[PDB]
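Source file: input_31.pdb; contents: PDB, C-alpha atoms.
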ATOM      1  CA  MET X 151      26.106  47.641 -22.572  1.00  0.00           C
ATOM      2  CA  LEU X 152      27.700  44.210 -22.386  1.00  0.00           C
ATOM      3  CA  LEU X 153      27.751  44.325 -18.596  1.00  0.00           C
ATOM      4  CA  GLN X 154      24.144  45.472 -18.371  1.00  0.00           C
ATOM      5  CA  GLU X 155      22.969  42.772 -20.755  1.00  0.00           C
ATOM      6  CA  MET X 156      24.903  40.015 -19.018  1.00  0.00           C
ATOM      7  CA  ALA X 157      23.657  41.231 -15.648  1.00  0.00           C
ATOM      8  CA  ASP X 158      20.057  41.124 -16.832  1.00  0.00           C
ATOM      9  CA  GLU X 159      20.847  37.613 -18.042  1.00  0.00           C
ATOM     10  CA  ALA X 160      22.518  36.430 -14.841  1.00  0.00           C
ATOM     11  CA  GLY X 161      19.742  38.263 -13.028  1.00  0.00           C
ATOM     12  CA  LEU X 162      21.060  41.033 -10.820  1.00  0.00           C
ATOM     13  CA  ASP X 163      20.805  44.814 -10.801  1.00  0.00           C
ATOM     14  CA  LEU X 164      23.718  47.229 -10.626  1.00  0.00           C
ATOM     15  CA  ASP X 186      26.167  61.952 -27.230  1.00  0.00           C
ATOM     16  CA  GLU X 187      23.627  64.651 -26.426  1.00  0.00           C
ATOM     17  CA  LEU X 188      25.728  65.508 -23.379  1.00  0.00           C
ATOM     18  CA  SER X 189      28.608  66.794 -25.480  1.00  0.00           C
ATOM     19  CA  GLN X 190      26.074  68.565 -27.689  1.00  0.00           C
ATOM     20  CA  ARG X 191      24.671  70.442 -24.704  1.00  0.00           C
ATOM     21  CA  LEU X 192      28.185  71.292 -23.582  1.00  0.00           C
ATOM     22  CA  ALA X 193      28.713  72.695 -27.066  1.00  0.00           C
ATOM     23  CA  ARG X 194      25.563  74.762 -26.633  1.00  0.00           C
ATOM     24  CA  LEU X 195      27.060  76.173 -23.446  1.00  0.00           C
ATOM     25  CA  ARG X 196      30.352  76.878 -25.198  1.00  0.00           C
ATOM     26  CA  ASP X 197      28.465  78.825 -27.851  1.00  0.00           C
ATOM     27  CA  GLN X 198      26.594  80.761 -25.154  1.00  0.00           C
TER      28      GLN X 198
ATOM     29  CA  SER R   2      27.075   9.011   9.206  1.00  0.00           C
ATOM     30  CA  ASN R   3      28.388   8.456  12.714  1.00  0.00           C
ATOM     31  CA  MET R   4      24.934   9.175  14.097  1.00  0.00           C
ATOM     32  CA  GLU R   5      23.405   6.550  11.833  1.00  0.00           C
ATOM     33  CA  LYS R   6      25.784   3.787  12.866  1.00  0.00           C
ATOM     34  CA  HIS R   7      25.401   4.774  16.504  1.00  0.00           C
ATOM     35  CA  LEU R   8      21.639   4.500  16.107  1.00  0.00           C
ATOM     36  CA  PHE R   9      22.103   1.069  14.585  1.00  0.00           C
ATOM     37  CA  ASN R  10      24.201   0.059  17.570  1.00  0.00           C
ATOM     38  CA  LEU R  11      21.568   1.380  19.947  1.00  0.00           C
ATOM     39  CA  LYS R  12      18.794  -0.614  18.314  1.00  0.00           C
ATOM     40  CA  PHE R  13      21.070  -3.644  18.218  1.00  0.00           C
ATOM     41  CA  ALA R  14      21.680  -3.410  21.946  1.00  0.00           C
ATOM     42  CA  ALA R  15      17.964  -2.908  22.483  1.00  0.00           C
ATOM     43  CA  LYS R  16      16.911  -6.060  20.687  1.00  0.00           C
ATOM     44  CA  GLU R  17      19.864  -7.792  22.325  1.00  0.00           C
ATOM     45  CA  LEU R  18      18.502  -6.955  25.755  1.00  0.00           C
ATOM     46  CA  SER R  19      15.096  -8.093  24.562  1.00  0.00           C
ATOM     47  CA  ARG R  20      16.311 -11.482  23.393  1.00  0.00           C
ATOM     48  CA  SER R  21      18.372 -11.765  26.572  1.00  0.00           C
ATOM     49  CA  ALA R  22      15.244 -11.222  28.633  1.00  0.00           C
ATOM     50  CA  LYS R  23      13.503 -13.912  26.628  1.00  0.00           C
ATOM     51  CA  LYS R  24      16.470 -16.201  27.225  1.00  0.00           C
ATOM     52  CA  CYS R  25      16.278 -15.501  30.941  1.00  0.00           C
ATOM     53  CA  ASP R  26      12.558 -16.256  30.868  1.00  0.00           C
ATOM     54  CA  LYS R  27      13.005 -19.637  29.208  1.00  0.00           C
ATOM     55  CA  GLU R  28      15.842 -20.382  31.620  1.00  0.00           C
ATOM     56  CA  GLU R  29      13.469 -19.544  34.451  1.00  0.00           C
ATOM     57  CA  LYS R  30      11.002 -22.046  33.048  1.00  0.00           C
ATOM     58  CA  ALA R  31      13.717 -24.682  32.754  1.00  0.00           C
ATOM     59  CA  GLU R  32      14.852 -24.111  36.332  1.00  0.00           C
ATOM     60  CA  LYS R  33      11.274 -24.267  37.577  1.00  0.00           C
ATOM     61  CA  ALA R  34      10.926 -27.634  35.866  1.00  0.00           C
ATOM     62  CA  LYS R  35      14.248 -28.862  37.235  1.00  0.00           C
ATOM     63  CA  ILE R  36      13.208 -27.939  40.754  1.00  0.00           C
ATOM     64  CA  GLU R  37       9.967 -29.813  40.207  1.00  0.00           C
ATOM     65  CA  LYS R  38      11.816 -32.933  39.066  1.00  0.00           C
ATOM     66  CA  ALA R  39      14.326 -32.586  41.903  1.00  0.00           C
ATOM     67  CA  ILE R  40      12.028 -31.974  44.860  1.00  0.00           C
ATOM     68  CA  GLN R  41      10.321 -35.287  44.124  1.00  0.00           C
ATOM     69  CA  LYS R  42      13.521 -37.100  45.081  1.00  0.00           C
ATOM     70  CA  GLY R  43      13.634 -35.387  48.475  1.00  0.00           C
ATOM     71  CA  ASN R  44      16.371 -32.841  47.783  1.00  0.00           C
ATOM     72  CA  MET R  45      15.693 -29.633  49.692  1.00  0.00           C
ATOM     73  CA  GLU R  46      18.932 -27.753  49.057  1.00  0.00           C
ATOM     74  CA  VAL R  47      18.950 -28.517  45.340  1.00  0.00           C
ATOM     75  CA  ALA R  48      15.421 -27.205  45.138  1.00  0.00           C
ATOM     76  CA  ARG R  49      16.424 -24.104  47.061  1.00  0.00           C
ATOM     77  CA  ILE R  50      19.302 -23.249  44.750  1.00  0.00           C
ATOM     78  CA  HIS R  51      17.127 -23.915  41.719  1.00  0.00           C
ATOM     79  CA  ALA R  52      14.419 -21.669  43.111  1.00  0.00           C
ATOM     80  CA  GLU R  53      16.719 -18.762  43.845  1.00  0.00           C
ATOM     81  CA  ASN R  54      18.268 -19.209  40.418  1.00  0.00           C
ATOM     82  CA  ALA R  55      14.835 -18.988  38.855  1.00  0.00           C
ATOM     83  CA  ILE R  56      13.942 -15.887  40.838  1.00  0.00           C
ATOM     84  CA  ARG R  57      17.203 -14.304  39.743  1.00  0.00           C
ATOM     85  CA  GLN R  58      16.419 -15.158  36.140  1.00  0.00           C
ATOM     86  CA  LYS R  59      12.988 -13.581  36.435  1.00  0.00           C
ATOM     87  CA  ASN R  60      14.279 -10.411  38.046  1.00  0.00           C
ATOM     88  CA  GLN R  61      17.095 -10.043  35.543  1.00  0.00           C
ATOM     89  CA  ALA R  62      14.595 -10.623  32.769  1.00  0.00           C
ATOM     90  CA  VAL R  63      12.300  -7.828  33.884  1.00  0.00           C
ATOM     91  CA  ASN R  64      15.306  -5.562  34.348  1.00  0.00           C
ATOM     92  CA  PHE R  65      16.546  -6.360  30.864  1.00  0.00           C
ATOM     93  CA  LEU R  66      13.089  -5.658  29.509  1.00  0.00           C
ATOM     94  CA  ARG R  67      12.943  -2.278  31.212  1.00  0.00           C
ATOM     95  CA  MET R  68      16.387  -1.389  29.910  1.00  0.00           C
ATOM     96  CA  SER R  69      15.391  -2.550  26.447  1.00  0.00           C
ATOM     97  CA  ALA R  70      12.313  -0.344  26.482  1.00  0.00           C
ATOM     98  CA  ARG R  71      14.393   2.632  27.543  1.00  0.00           C
ATOM     99  CA  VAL R  72      17.005   2.064  24.866  1.00  0.00           C
ATOM    100  CA  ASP R  73      14.277   1.562  22.290  1.00  0.00           C
ATOM    101  CA  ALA R  74      12.801   4.920  23.211  1.00  0.00           C
ATOM    102  CA  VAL R  75      16.193   6.575  22.988  1.00  0.00           C
ATOM    103  CA  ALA R  76      16.916   4.952  19.643  1.00  0.00           C
ATOM    104  CA  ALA R  77      13.535   6.061  18.351  1.00  0.00           C
ATOM    105  CA  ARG R  78      14.351   9.599  19.399  1.00  0.00           C
ATOM    106  CA  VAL R  79      17.698   9.392  17.638  1.00  0.00           C
ATOM    107  CA  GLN R  80      15.972   8.043  14.544  1.00  0.00           C
ATOM    108  CA  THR R  81      13.659  11.026  14.629  1.00  0.00           C
ATOM    109  CA  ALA R  82      16.692  13.278  14.870  1.00  0.00           C
ATOM    110  CA  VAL R  83      18.480  11.575  11.996  1.00  0.00           C
ATOM    111  CA  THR R  84      15.471  11.744   9.718  1.00  0.00           C
ATOM    112  CA  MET R  85      14.841  15.368  10.607  1.00  0.00           C
ATOM    113  CA  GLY R  86      18.480  16.121   9.878  1.00  0.00           C
ATOM    114  CA  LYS R  87      18.252  14.517   6.465  1.00  0.00           C
ATOM    115  CA  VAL R  88      15.115  16.530   5.782  1.00  0.00           C
ATOM    116  CA  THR R  89      16.863  19.696   6.893  1.00  0.00           C
ATOM    117  CA  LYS R  90      19.807  18.992   4.620  1.00  0.00           C
ATOM    118  CA  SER R  91      17.520  18.398   1.662  1.00  0.00           C
ATOM    119  CA  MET R  92      15.553  21.548   2.406  1.00  0.00           C
ATOM    120  CA  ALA R  93      18.763  23.547   2.540  1.00  0.00           C
ATOM    121  CA  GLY R  94      19.785  22.074  -0.785  1.00  0.00           C
ATOM    122  CA  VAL R  95      16.542  22.982  -2.489  1.00  0.00           C
ATOM    123  CA  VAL R  96      16.744  26.410  -0.888  1.00  0.00           C
ATOM    124  CA  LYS R  97      20.133  27.006  -2.457  1.00  0.00           C
ATOM    125  CA  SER R  98      18.907  25.711  -5.798  1.00  0.00           C
ATOM    126  CA  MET R  99      15.812  27.892  -5.727  1.00  0.00           C
ATOM    127  CA  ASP R 100      17.921  30.882  -4.750  1.00  0.00           C
ATOM    128  CA  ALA R 101      20.215  30.355  -7.706  1.00  0.00           C
ATOM    129  CA  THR R 102      17.327  29.769 -10.089  1.00  0.00           C
ATOM    130  CA  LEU R 103      15.307  32.773  -8.974  1.00  0.00           C
ATOM    131  CA  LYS R 104      18.381  34.976  -9.088  1.00  0.00           C
ATOM    132  CA  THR R 105      18.995  33.746 -12.620  1.00  0.00           C
ATOM    133  CA  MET R 106      15.372  33.456 -13.747  1.00  0.00           C
ATOM    134  CA  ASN R 107      13.809  36.382 -11.936  1.00  0.00           C
ATOM    135  CA  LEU R 108      10.230  37.570 -12.092  1.00  0.00           C
ATOM    136  CA  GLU R 109      11.027  40.440 -14.438  1.00  0.00           C
ATOM    137  CA  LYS R 110      12.799  38.104 -16.831  1.00  0.00           C
ATOM    138  CA  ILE R 111       9.836  35.754 -16.630  1.00  0.00           C
ATOM    139  CA  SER R 112       7.364  38.492 -17.460  1.00  0.00           C
ATOM    140  CA  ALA R 113       9.437  39.719 -20.374  1.00  0.00           C
ATOM    141  CA  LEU R 114       9.908  36.215 -21.715  1.00  0.00           C
ATOM    142  CA  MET R 115       6.208  35.464 -21.486  1.00  0.00           C
ATOM    143  CA  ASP R 116       5.295  38.689 -23.240  1.00  0.00           C
ATOM    144  CA  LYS R 117       7.762  37.776 -25.960  1.00  0.00           C
ATOM    145  CA  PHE R 118       6.149  34.355 -26.237  1.00  0.00           C
ATOM    146  CA  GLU R 119       2.738  35.956 -26.574  1.00  0.00           C
ATOM    147  CA  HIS R 120       3.798  38.470 -29.201  1.00  0.00           C
ATOM    148  CA  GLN R 121       5.671  35.818 -31.152  1.00  0.00           C
ATOM    149  CA  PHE R 122       2.633  33.606 -31.378  1.00  0.00           C
ATOM    150  CA  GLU R 123       0.430  36.545 -32.274  1.00  0.00           C
ATOM    151  CA  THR R 124       2.800  37.147 -35.154  1.00  0.00           C
ATOM    152  CA  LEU R 125       2.453  33.472 -35.963  1.00  0.00           C
ATOM    153  CA  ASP R 126      -1.308  33.920 -36.076  1.00  0.00           C
ATOM    154  CA  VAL R 127      -0.826  36.757 -38.533  1.00  0.00           C
ATOM    155  CA  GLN R 128       1.341  34.470 -40.629  1.00  0.00           C
ATOM    156  CA  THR R 129      -1.320  31.787 -40.555  1.00  0.00           C
ATOM    157  CA  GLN R 130      -3.954  34.287 -41.623  1.00  0.00           C
ATOM    158  CA  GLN R 131      -1.731  35.497 -44.491  1.00  0.00           C
ATOM    159  CA  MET R 132      -1.309  31.885 -45.662  1.00  0.00           C
ATOM    160  CA  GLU R 133      -5.037  31.293 -45.275  1.00  0.00           C
ATOM    161  CA  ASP R 134      -5.810  34.210 -47.559  1.00  0.00           C
ATOM    162  CA  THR R 135      -3.300  33.131 -50.168  1.00  0.00           C
ATOM    163  CA  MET R 136      -4.235  29.455 -50.192  1.00  0.00           C
ATOM    164  CA  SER R 137      -7.912  30.378 -50.421  1.00  0.00           C
ATOM    165  CA  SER R 138      -7.185  32.684 -53.338  1.00  0.00           C
ATOM    166  CA  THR R 139      -5.013  30.219 -55.236  1.00  0.00           C
ATOM    167  CA  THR R 140      -7.195  27.112 -55.061  1.00  0.00           C
ATOM    168  CA  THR R 141     -10.350  28.996 -55.950  1.00  0.00           C
ATOM    169  CA  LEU R 142     -11.150  27.541 -59.359  1.00  0.00           C
ATOM    170  CA  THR R 143     -10.969  24.024 -57.952  1.00  0.00           C
ATOM    171  CA  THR R 144     -13.156  25.060 -54.991  1.00  0.00           C
ATOM    172  CA  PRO R 145     -15.903  27.442 -56.077  1.00  0.00           C
ATOM    173  CA  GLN R 146     -18.344  28.877 -53.591  1.00  0.00           C
ATOM    174  CA  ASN R 147     -21.616  28.192 -55.379  1.00  0.00           C
ATOM    175  CA  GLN R 148     -20.903  24.475 -55.622  1.00  0.00           C
ATOM    176  CA  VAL R 149     -20.074  24.046 -51.955  1.00  0.00           C
ATOM    177  CA  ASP R 150     -23.092  26.131 -51.028  1.00  0.00           C
ATOM    178  CA  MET R 151     -25.414  23.962 -53.100  1.00  0.00           C
ATOM    179  CA  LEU R 152     -23.902  20.835 -51.589  1.00  0.00           C
ATOM    180  CA  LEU R 153     -24.384  22.175 -48.075  1.00  0.00           C
ATOM    181  CA  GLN R 154     -27.973  23.206 -48.733  1.00  0.00           C
ATOM    182  CA  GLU R 155     -28.833  19.839 -50.243  1.00  0.00           C
ATOM    183  CA  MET R 156     -27.195  17.864 -47.455  1.00  0.00           C
ATOM    184  CA  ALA R 157     -28.889  20.061 -44.870  1.00  0.00           C
ATOM    185  CA  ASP R 158     -32.288  19.451 -46.437  1.00  0.00           C
ATOM    186  CA  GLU R 159     -31.376  15.768 -46.315  1.00  0.00           C
ATOM    187  CA  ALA R 160     -30.188  15.745 -42.707  1.00  0.00           C
ATOM    188  CA  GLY R 161     -33.169  17.969 -41.989  1.00  0.00           C
ATOM    189  CA  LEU R 162     -32.143  21.350 -40.645  1.00  0.00           C
ATOM    190  CA  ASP R 163     -32.355  24.921 -41.894  1.00  0.00           C
ATOM    191  CA  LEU R 164     -29.468  27.363 -42.118  1.00  0.00           C
ATOM    192  CA  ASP R 186     -24.528  35.984 -62.112  1.00  0.00           C
ATOM    193  CA  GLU R 187     -27.124  38.706 -62.589  1.00  0.00           C
ATOM    194  CA  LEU R 188     -25.463  40.580 -59.729  1.00  0.00           C
ATOM    195  CA  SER R 189     -22.301  41.215 -61.719  1.00  0.00           C
ATOM    196  CA  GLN R 190     -24.478  42.084 -64.710  1.00  0.00           C
ATOM    197  CA  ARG R 191     -26.265  44.777 -62.722  1.00  0.00           C
ATOM    198  CA  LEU R 192     -22.934  46.067 -61.467  1.00  0.00           C
ATOM    199  CA  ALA R 193     -21.904  46.282 -65.110  1.00  0.00           C
ATOM    200  CA  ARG R 194     -25.060  48.267 -65.811  1.00  0.00           C
ATOM    201  CA  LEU R 195     -24.011  50.686 -63.085  1.00  0.00           C
ATOM    202  CA  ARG R 196     -20.496  50.899 -64.502  1.00  0.00           C
ATOM    203  CA  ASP R 197     -21.967  51.814 -67.877  1.00  0.00           C
ATOM    204  CA  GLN R 198     -24.177  54.453 -66.242  1.00  0.00           C
TER     205      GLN R 198
END

Rewrite the structure from the file as structure tokens, please.
Amino acid sequence: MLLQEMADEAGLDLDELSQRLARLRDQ
Amino acid sequence: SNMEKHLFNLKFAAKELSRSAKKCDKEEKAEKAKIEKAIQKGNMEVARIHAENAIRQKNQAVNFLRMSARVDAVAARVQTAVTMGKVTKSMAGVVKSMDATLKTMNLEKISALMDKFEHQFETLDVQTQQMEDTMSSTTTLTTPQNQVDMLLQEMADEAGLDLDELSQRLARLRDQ
């Protein structure tokens, strides 16, 4: 987040995941 | 830089050749006068040497003038080059500056910032309206509506241009 913010400033472009993995584990 | 001083030297040599041609011209005049004042005394050789000297002065003068014109043209060309080079350097500088600025202050950042400006001042309008409502509610006894209306009507009739029972009836309705 810090890098993205400071890139937007300097002007140049560059949890649910684990939950879904848990879903798969339960499956 | 070096080109500038070299240009200065070129123009110096140009005007030097010019003044040298003028010097040769005035020397030609002087020799022509000396031959006049010498031929009167019956000197043929002295006149001859004076004459050839004058012709040499004239020829060298025209040559110096031609050379001066050439060098002036060359120096003018070099001046053009120097000025164009300064312009090019300045344009490169502003190009670098604009590149840095645009990379820093891009179009997207501009748009976002301007939208933020707009929304901020809309919020400020809301604030002003809130304060308007409150200030109009507070200072209401000292600024009735009927009084100001009567004043406006009277002063309009003067300047010449056209523009309790209610609550009692509402009370009647409330009682009904």

Give as a compact mmCIF listing (two decimals) with C-alpha atoms, in the frame of the given file every residue of chain R that touches chain X within 7 Å, counting only C-alpha atoms.
# COMPACT_ATOMS: atom_id res chain seq x y z
CA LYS R 104 18.38 34.98 -9.09
CA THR R 105 19.00 33.75 -12.62
CA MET R 106 15.37 33.46 -13.75
CA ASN R 107 13.81 36.38 -11.94

Identify all residues satisfying the PyMOL selection byres ((chain R and resi 30-40) around 12) in the given file; provide them as a short mmCIF file (atom, residue, chain, number, x, y, z; two decimals) with C-alpha atoms, in the frame of the given file.
data_model
loop_
_atom_site.label_atom_id
_atom_site.label_comp_id
_atom_site.auth_asym_id
_atom_site.auth_seq_id
_atom_site.Cartn_x
_atom_site.Cartn_y
_atom_site.Cartn_z
CA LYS R 23 13.50 -13.91 26.63
CA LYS R 24 16.47 -16.20 27.22
CA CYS R 25 16.28 -15.50 30.94
CA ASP R 26 12.56 -16.26 30.87
CA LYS R 27 13.00 -19.64 29.21
CA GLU R 28 15.84 -20.38 31.62
CA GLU R 29 13.47 -19.54 34.45
CA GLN R 41 10.32 -35.29 44.12
CA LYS R 42 13.52 -37.10 45.08
CA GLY R 43 13.63 -35.39 48.48
CA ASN R 44 16.37 -32.84 47.78
CA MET R 45 15.69 -29.63 49.69
CA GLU R 46 18.93 -27.75 49.06
CA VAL R 47 18.95 -28.52 45.34
CA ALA R 48 15.42 -27.20 45.14
CA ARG R 49 16.42 -24.10 47.06
CA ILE R 50 19.30 -23.25 44.75
CA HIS R 51 17.13 -23.92 41.72
CA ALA R 52 14.42 -21.67 43.11
CA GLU R 53 16.72 -18.76 43.84
CA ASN R 54 18.27 -19.21 40.42
CA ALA R 55 14.84 -18.99 38.85
CA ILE R 56 13.94 -15.89 40.84
CA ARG R 57 17.20 -14.30 39.74
CA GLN R 58 16.42 -15.16 36.14
CA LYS R 59 12.99 -13.58 36.44
CA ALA R 62 14.60 -10.62 32.77
#

Axis-aligned box over every listed atom of region 92-107 of chain R, padded by 6 Å per side: centre and edges in Å to one decimal, as JSON?
{"center_x": 17.0, "center_y": 29.0, "center_z": -5.6, "size_x": 18.4, "size_y": 26.8, "size_z": 28.3}

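In this model, the gap between CA of residue 17 (chain R) and CA of residue 61 (chain R) comes to 13.7 Å.
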
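Here CA of residue 63 (chain R) is placed at a distance of 11.8 Å from CA of residue 20 (chain R).
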
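The space between CA of residue 65 (chain R) and CA of residue 21 (chain R) spans 7.1 Å.
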
List the spatial neighbours of region 68-73 of chain R as an MDAnalysis selection string - criterion: any atom at most 9 Å away, all atoms listed in the file, same-chain residues fewer than 5 positions off excluded.
chainID R and resid 11:12 14:19 22 63 78

Just want the 9 Å neighbourhood of region 81-83 of chain R, counted on all atoms listed in the file, with same-chain residues fewer than 5 positions away dropped. Output as an NGL selection string.
:R and (4-5 or 8 or 76 or 88)
